[PDB]
Amino acid sequence: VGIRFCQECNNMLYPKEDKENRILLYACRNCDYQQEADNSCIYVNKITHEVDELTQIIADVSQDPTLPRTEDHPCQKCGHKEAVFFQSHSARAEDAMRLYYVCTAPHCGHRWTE
Amino acid sequence: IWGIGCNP
Amino acid sequence: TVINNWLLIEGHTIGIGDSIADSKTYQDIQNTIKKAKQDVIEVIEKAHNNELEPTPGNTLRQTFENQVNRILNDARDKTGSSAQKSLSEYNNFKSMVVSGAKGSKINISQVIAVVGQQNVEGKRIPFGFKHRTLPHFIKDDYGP
Amino acid sequence: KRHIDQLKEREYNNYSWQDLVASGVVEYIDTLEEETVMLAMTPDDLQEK
Ligand SMILES: [Zn+2]
Ligand SMILES: [Zn+2]
């Protein structure tokens, strides 16, 4: 999944298999450093790309004047009544009109979707 | 100026 | 020639008296608009809860726009029909529409009841600003 | 009301649009900044609760 950069040359490590030991080794082409791979997964592609946008949402968006705010939905973490609510705001979000609520009030920074 | 099926 | 010389005796005109309707008709038009706005709000709330089910061959955004446009168009047409009921025999807008000389039922409806939905490129007014049509509206407002 | 009272006697008070801008009552906003601004068409109607 994640890309590892070699310490010796600070370049990308590409996967390589040692036939003798049948052990996966991440080895740079430029330098001879080789590292055993713990993850054992080379390439992962999510065609559905069903990735939650809750992680992507920034808590800073609560400060926006233009965002609608509801006091109807209380915050789960701290119970603050106000919460700005906005839709996906994302391209390639397929067809979702879910509201991604963000709790207002300083430093709570809680994002929940109902 | 009327609707979506009419005119603008 | 003959009809134009009779029209000197009878005469034709267009005035504000023709545009104005009965108070009952205005109240009916307003009630239709109120309930239409409430219906659009219910559709929006269904979409936000994800209760809306996509129409076959359409995305959820497309089917939401379809249902919202249907509600607004039905309200528009119903208000137009109420306005057209209000017209008297003497109404001159009706004289011209009935004779076919100029105008249409649509024009009478827009004059008296409701201008209707403004569509650009086949869709409702787009989000020219970031996620809002005009700076006065709140972001992500799909209301009427 | 004090601002409009000063503007009303614009003659012999030397209070003008520049004074209004300097006071902080009004501001110039371009479209890019308009995207970040919530506007009220009519003050009394939209500001009032
Ligand atoms: Zn290296
Ligand atoms: Zn909170």
# chains A, B, ... in the order shown; residues from 1 in each chain; ligands from 1

call {"tool": "interface_residues", "arguments": {"of": "chain A", "to": "chain C", "cutoff": "12 Å", "atoms": "only C-alpha atoms", "output": "number ranges by chain"}}
result
A: 64-69, 84-90, 93-101, 113-114

call {"tool": "write_last_selection", "arguments": {"atoms": "N, CA, C and O atoms", "output": "compact mmCIF listing (two decimals), in the first residue's frame"}}
result
# COMPACT_ATOMS: atom_id res chain seq x y z
N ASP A 64 -16.97 28.71 8.71
CA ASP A 64 -17.47 29.34 7.50
C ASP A 64 -18.80 30.04 7.76
O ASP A 64 -19.74 29.42 8.28
N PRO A 65 -18.93 31.32 7.41
CA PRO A 65 -20.24 31.97 7.51
C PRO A 65 -21.26 31.40 6.56
O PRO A 65 -22.45 31.37 6.90
N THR A 66 -20.86 30.95 5.38
CA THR A 66 -21.83 30.56 4.37
C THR A 66 -22.47 29.21 4.64
O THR A 66 -23.51 28.91 4.05
N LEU A 67 -21.86 28.38 5.47
CA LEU A 67 -22.42 27.05 5.69
C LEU A 67 -23.69 27.12 6.53
O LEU A 67 -23.74 27.85 7.52
N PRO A 68 -24.70 26.35 6.18
CA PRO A 68 -25.89 26.25 7.04
C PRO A 68 -25.56 25.58 8.35
O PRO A 68 -24.72 24.68 8.43
N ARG A 69 -26.25 26.01 9.40
CA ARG A 69 -26.04 25.46 10.73
C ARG A 69 -27.36 25.03 11.33
O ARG A 69 -28.36 25.76 11.25
N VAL A 84 -22.55 22.84 11.86
CA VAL A 84 -22.67 23.15 10.45
C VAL A 84 -22.82 21.84 9.69
O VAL A 84 -22.19 20.83 10.01
N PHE A 85 -23.69 21.84 8.69
CA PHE A 85 -23.95 20.64 7.91
C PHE A 85 -23.81 20.98 6.45
O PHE A 85 -24.28 22.01 5.99
N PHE A 86 -23.12 20.11 5.72
CA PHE A 86 -22.88 20.34 4.31
C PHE A 86 -22.83 19.00 3.63
O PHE A 86 -22.64 17.97 4.27
N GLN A 87 -23.01 19.00 2.31
CA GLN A 87 -23.03 17.76 1.55
C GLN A 87 -21.61 17.31 1.22
O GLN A 87 -20.63 17.80 1.78
N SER A 88 -21.50 16.36 0.30
CA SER A 88 -20.21 15.72 0.05
C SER A 88 -19.18 16.71 -0.47
O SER A 88 -18.00 16.61 -0.13
N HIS A 89 -19.61 17.64 -1.32
CA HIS A 89 -18.74 18.67 -1.88
C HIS A 89 -17.60 18.06 -2.68
O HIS A 89 -16.55 18.68 -2.85
N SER A 90 -17.78 16.85 -3.19
CA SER A 90 -16.69 16.10 -3.79
C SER A 90 -17.10 15.60 -5.17
O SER A 90 -18.20 15.07 -5.34
N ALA A 93 -17.97 11.52 -6.18
CA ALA A 93 -18.69 11.04 -5.02
C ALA A 93 -19.89 10.19 -5.41
O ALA A 93 -20.71 9.87 -4.54
N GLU A 94 -20.02 9.86 -6.69
CA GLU A 94 -21.12 9.06 -7.23
C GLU A 94 -22.41 9.84 -7.00
O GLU A 94 -22.51 10.99 -7.47
N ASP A 95 -23.40 9.29 -6.31
CA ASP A 95 -24.69 9.95 -6.11
C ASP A 95 -25.02 9.88 -4.62
O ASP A 95 -25.70 8.97 -4.16
N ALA A 96 -24.52 10.85 -3.87
CA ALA A 96 -24.75 10.89 -2.44
C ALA A 96 -25.11 12.31 -2.06
O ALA A 96 -24.37 13.24 -2.38
N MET A 97 -26.26 12.48 -1.41
CA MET A 97 -26.63 13.76 -0.84
C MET A 97 -26.57 13.74 0.68
O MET A 97 -27.23 14.55 1.33
N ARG A 98 -25.79 12.83 1.25
CA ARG A 98 -25.63 12.76 2.69
C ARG A 98 -25.06 14.06 3.23
O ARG A 98 -24.18 14.67 2.62
N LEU A 99 -25.56 14.48 4.39
CA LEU A 99 -25.05 15.66 5.06
C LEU A 99 -23.95 15.25 6.03
O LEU A 99 -24.18 14.44 6.93
N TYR A 100 -22.76 15.83 5.86
CA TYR A 100 -21.64 15.53 6.74
C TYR A 100 -21.58 16.62 7.80
O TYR A 100 -20.99 17.67 7.61
N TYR A 101 -22.21 16.35 8.94
CA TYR A 101 -22.25 17.33 10.01
C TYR A 101 -20.87 17.51 10.64
O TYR A 101 -20.08 16.58 10.73
N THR A 113 -21.81 11.67 10.41
CA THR A 113 -22.78 11.61 9.34
C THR A 113 -23.98 10.81 9.79
O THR A 113 -23.83 9.68 10.26
N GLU A 114 -25.17 11.39 9.65
CA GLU A 114 -26.39 10.69 10.02
C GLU A 114 -27.22 10.33 8.80
O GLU A 114 -26.68 9.84 7.80

call {"tool": "select_by_dssp", "arguments": {"residues": "chain D", "states": "alpha helix (DSSP H)", "output": "list in words"}}
result
residues 2, 3, 4, 5, 6, 7, 8, 17, 18, 19, 20, 21, 22, 23, 31, 32, 33, 34, 43, 44, 45, 46 and 47 of chain D

call {"tool": "residues_near_ligand", "arguments": {"ligand": "ligand 1", "cutoff": "8 Å", "atoms": "only C-alpha atoms and all ligand atoms", "output": "ChimeraX atom specification"}}
result
/A:5-13,27-34

call {"tool": "residues_around", "arguments": {"residues": "range 109-122 of chain C", "least_positions_apart": "3", "cutoff": "10 Å", "atoms": "only C-alpha atoms", "output": "mmCIF file with N, CA and C atoms, in the first residue's frame"}}
result
data_model
loop_
_atom_site.group_PDB
_atom_site.id
_atom_site.type_symbol
_atom_site.label_atom_id
_atom_site.label_comp_id
_atom_site.auth_asym_id
_atom_site.auth_seq_id
_atom_site.Cartn_x
_atom_site.Cartn_y
_atom_site.Cartn_z
ATOM 1 N N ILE B 1 -37.990 30.350 -19.385
ATOM 2 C CA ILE B 1 -38.391 31.221 -18.250
ATOM 3 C C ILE B 1 -39.639 30.737 -17.632
ATOM 4 N N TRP B 2 -40.076 29.581 -18.124
ATOM 5 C CA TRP B 2 -41.283 28.945 -17.664
ATOM 6 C C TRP B 2 -40.957 27.692 -16.859
ATOM 7 N N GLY B 3 -40.347 26.726 -17.532
ATOM 8 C CA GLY B 3 -39.989 25.490 -16.870
ATOM 9 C C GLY B 3 -39.102 24.582 -17.688
ATOM 10 N N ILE B 4 -38.788 23.412 -17.137
ATOM 11 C CA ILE B 4 -37.901 22.449 -17.789
ATOM 12 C C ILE B 4 -38.795 21.523 -18.610
ATOM 13 N N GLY B 5 -39.046 21.916 -19.850
ATOM 14 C CA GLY B 5 -39.965 21.204 -20.709
ATOM 15 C C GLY B 5 -40.670 22.216 -21.580
ATOM 16 N N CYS B 6 -40.506 23.479 -21.208
ATOM 17 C CA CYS B 6 -41.171 24.575 -21.847
ATOM 18 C C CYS B 6 -40.269 25.421 -22.746
ATOM 19 N N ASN B 7 -39.862 26.552 -22.184
ATOM 20 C CA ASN B 7 -38.867 27.436 -22.767
ATOM 21 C C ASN B 7 -38.046 27.925 -21.569
ATOM 22 N N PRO B 8 -36.939 28.648 -21.768
ATOM 23 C CA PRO B 8 -36.096 29.037 -20.635
ATOM 24 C C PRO B 8 -36.684 29.907 -19.566
ATOM 25 N N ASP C 18 -56.892 43.829 -16.711
ATOM 26 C CA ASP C 18 -56.874 42.469 -17.226
ATOM 27 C C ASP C 18 -55.892 41.601 -16.457
ATOM 28 N N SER C 19 -54.761 42.172 -16.048
ATOM 29 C CA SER C 19 -53.760 41.401 -15.325
ATOM 30 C C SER C 19 -54.221 41.042 -13.924
ATOM 31 N N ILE C 20 -55.025 41.890 -13.306
ATOM 32 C CA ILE C 20 -55.400 41.680 -11.921
ATOM 33 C C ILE C 20 -56.496 40.629 -11.836
ATOM 34 N N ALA C 21 -56.447 39.813 -10.783
ATOM 35 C CA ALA C 21 -57.395 38.730 -10.570
ATOM 36 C C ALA C 21 -58.114 38.920 -9.242
ATOM 37 N N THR C 25 -58.607 34.035 -5.989
ATOM 38 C CA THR C 25 -57.663 33.405 -6.895
ATOM 39 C C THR C 25 -56.230 33.632 -6.448
ATOM 40 N N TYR C 26 -55.919 34.837 -5.969
ATOM 41 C CA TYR C 26 -54.575 35.092 -5.467
ATOM 42 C C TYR C 26 -54.270 34.223 -4.261
ATOM 43 N N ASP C 28 -55.556 31.291 -3.634
ATOM 44 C CA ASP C 28 -55.373 29.928 -4.112
ATOM 45 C C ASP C 28 -53.994 29.735 -4.718
ATOM 46 N N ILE C 29 -53.532 30.703 -5.503
ATOM 47 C CA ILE C 29 -52.199 30.607 -6.079
ATOM 48 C C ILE C 29 -51.157 30.546 -4.975
ATOM 49 N N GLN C 30 -51.309 31.386 -3.956
ATOM 50 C CA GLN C 30 -50.349 31.381 -2.862
ATOM 51 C C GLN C 30 -50.359 30.057 -2.115
ATOM 52 N N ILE C 33 -48.468 27.475 -4.018
ATOM 53 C CA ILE C 33 -47.029 27.669 -3.896
ATOM 54 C C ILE C 33 -46.525 27.221 -2.531
ATOM 55 N N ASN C 69 -38.251 18.960 -10.015
ATOM 56 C CA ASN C 69 -38.798 19.657 -11.166
ATOM 57 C C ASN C 69 -40.244 19.270 -11.404
ATOM 58 N N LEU C 72 -42.342 21.230 -8.875
ATOM 59 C CA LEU C 72 -42.422 22.651 -9.193
ATOM 60 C C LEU C 72 -43.232 22.896 -10.458
ATOM 61 N N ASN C 73 -43.123 22.012 -11.448
ATOM 62 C CA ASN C 73 -43.904 22.159 -12.669
ATOM 63 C C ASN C 73 -45.385 21.930 -12.421
ATOM 64 N N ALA C 75 -46.982 22.488 -9.596
ATOM 65 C CA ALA C 75 -47.428 23.702 -8.923
ATOM 66 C C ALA C 75 -47.581 24.861 -9.894
ATOM 67 N N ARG C 76 -46.611 25.038 -10.783
ATOM 68 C CA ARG C 76 -46.679 26.108 -11.767
ATOM 69 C C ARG C 76 -47.915 25.980 -12.642
ATOM 70 N N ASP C 77 -48.166 24.782 -13.157
ATOM 71 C CA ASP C 77 -49.307 24.584 -14.038
ATOM 72 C C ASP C 77 -50.620 24.758 -13.291
ATOM 73 N N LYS C 78 -50.683 24.302 -12.044
ATOM 74 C CA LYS C 78 -51.907 24.456 -11.276
ATOM 75 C C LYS C 78 -52.198 25.919 -10.975
ATOM 76 N N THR C 79 -51.174 26.696 -10.625
ATOM 77 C CA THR C 79 -51.396 28.122 -10.431
ATOM 78 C C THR C 79 -51.838 28.782 -11.722
ATOM 79 N N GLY C 80 -51.240 28.384 -12.842
ATOM 80 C CA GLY C 80 -51.660 28.930 -14.114
ATOM 81 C C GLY C 80 -53.108 28.625 -14.425
ATOM 82 N N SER C 81 -53.557 27.416 -14.100
ATOM 83 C CA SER C 81 -54.946 27.067 -14.368
ATOM 84 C C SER C 81 -55.887 27.845 -13.463
ATOM 85 N N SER C 82 -55.489 28.078 -12.217
ATOM 86 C CA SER C 82 -56.319 28.901 -11.351
ATOM 87 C C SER C 82 -56.453 30.315 -11.898
ATOM 88 N N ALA C 83 -55.335 30.901 -12.322
ATOM 89 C CA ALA C 83 -55.389 32.216 -12.944
ATOM 90 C C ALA C 83 -56.308 32.216 -14.157
ATOM 91 N N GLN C 84 -56.207 31.205 -15.015
ATOM 92 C CA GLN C 84 -57.039 31.174 -16.210
ATOM 93 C C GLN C 84 -58.510 30.988 -15.880
ATOM 94 N N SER C 86 -59.835 32.417 -13.325
ATOM 95 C CA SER C 86 -60.276 33.716 -12.825
ATOM 96 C C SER C 86 -60.708 34.666 -13.939
ATOM 97 N N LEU C 87 -60.187 34.497 -15.150
ATOM 98 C CA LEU C 87 -60.461 35.440 -16.228
ATOM 99 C C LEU C 87 -61.944 35.498 -16.552
ATOM 100 N N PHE C 93 -56.886 39.973 -22.378
ATOM 101 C CA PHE C 93 -55.898 38.914 -22.547
ATOM 102 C C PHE C 93 -56.558 37.651 -23.066
ATOM 103 N N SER C 104 -50.636 33.464 -25.505
ATOM 104 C CA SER C 104 -50.884 32.057 -25.227
ATOM 105 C C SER C 104 -51.334 31.926 -23.783
ATOM 106 N N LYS C 105 -51.838 30.743 -23.436
ATOM 107 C CA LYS C 105 -52.248 30.514 -22.057
ATOM 108 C C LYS C 105 -51.067 30.644 -21.113
ATOM 109 N N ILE C 106 -49.879 30.289 -21.585
ATOM 110 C CA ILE C 106 -48.676 30.404 -20.777
ATOM 111 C C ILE C 106 -48.420 31.846 -20.393
ATOM 112 N N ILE C 125 -31.171 26.767 -12.133
ATOM 113 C CA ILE C 125 -30.047 27.711 -12.183
ATOM 114 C C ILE C 125 -28.828 27.082 -11.513
ATOM 115 N N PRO C 126 -27.667 27.065 -12.157
ATOM 116 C CA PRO C 126 -26.519 26.327 -11.625
ATOM 117 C C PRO C 126 -25.821 27.074 -10.501
ATOM 118 N N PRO C 144 -36.501 25.572 -3.680
ATOM 119 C CA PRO C 144 -37.100 26.134 -4.899
ATOM 120 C C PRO C 144 -36.602 27.522 -5.240
#

call {"tool": "atom_distance", "arguments": {"atom1": "CA of residue 97 in chain C", "atom2": "CA of residue 15 in chain C"}}
result
15.0 Å

call {"tool": "residues_near_ligand", "arguments": {"ligand": "ligand 2", "cutoff": "8 Å", "atoms": "only C-alpha atoms and all ligand atoms", "output": "ChimeraX atom specification"}}
result
/A:74-81,103-105,108-110

call {"tool": "atom_distance", "arguments": {"atom1": "CA of residue 49 in chain D", "atom2": "CA of residue 5 in chain D"}}
result
26.2 Å

call {"tool": "interface_residues", "arguments": {"of": "chain D", "to": "chain A", "cutoff": "7 Å", "atoms": "only C-alpha atoms", "output": "ChimeraX atom specification"}}
result
/D:36-38

call {"tool": "write_last_selection", "arguments": {"atoms": "N, CA and C atoms", "output": "short mmCIF file (atom, residue, chain, number, x, y, z; two decimals), in the first residue's frame"}}
result
data_model
loop_
_atom_site.label_atom_id
_atom_site.label_comp_id
_atom_site.auth_asym_id
_atom_site.auth_seq_id
_atom_site.Cartn_x
_atom_site.Cartn_y
_atom_site.Cartn_z
N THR D 36 -16.96 34.03 -0.43
CA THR D 36 -16.81 33.74 0.99
C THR D 36 -17.68 34.62 1.88
N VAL D 37 -18.68 35.27 1.31
CA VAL D 37 -19.44 36.32 1.98
C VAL D 37 -20.91 35.94 1.96
N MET D 38 -21.58 36.04 3.12
CA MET D 38 -23.03 35.89 3.19
C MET D 38 -23.67 37.26 3.13
#

call {"tool": "interface_residues", "arguments": {"of": "chain D", "to": "chain C", "cutoff": "8 Å", "atoms": "only C-alpha atoms", "output": "list in words"}}
result
residues 34, 35, 37, 38, 39, 40 and 41 of chain D

call {"tool": "residues_around", "arguments": {"residues": "residue 16 in chain D", "least_positions_apart": "6", "cutoff": "10 Å", "atoms": "only C-alpha atoms", "output": "compact mmCIF listing (two decimals) with N, CA and C atoms, in the first residue's frame"}}
result
# COMPACT_ATOMS: atom_id res chain seq x y z
N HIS D 3 -24.15 58.08 11.18
CA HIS D 3 -23.47 58.14 9.90
C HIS D 3 -24.35 58.79 8.85
N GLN D 6 -24.59 62.53 9.42
CA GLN D 6 -23.45 63.26 8.90
C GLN D 6 -23.48 63.32 7.38
N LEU D 7 -23.90 62.25 6.73
CA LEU D 7 -23.94 62.27 5.27
C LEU D 7 -25.03 63.19 4.76
N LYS D 8 -26.13 63.31 5.50
CA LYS D 8 -27.25 64.11 5.04
C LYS D 8 -26.85 65.57 4.90
N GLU D 9 -26.12 66.09 5.87
CA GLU D 9 -25.48 67.40 5.77
C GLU D 9 -24.10 67.28 5.15
N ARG D 10 -24.03 66.66 3.96
CA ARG D 10 -22.75 66.42 3.33
C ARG D 10 -22.03 67.72 3.03

call {"tool": "atom_distance", "arguments": {"atom1": "CA of residue 25 in chain A", "atom2": "CA of residue 37 in chain A"}}
result
5.9 Å
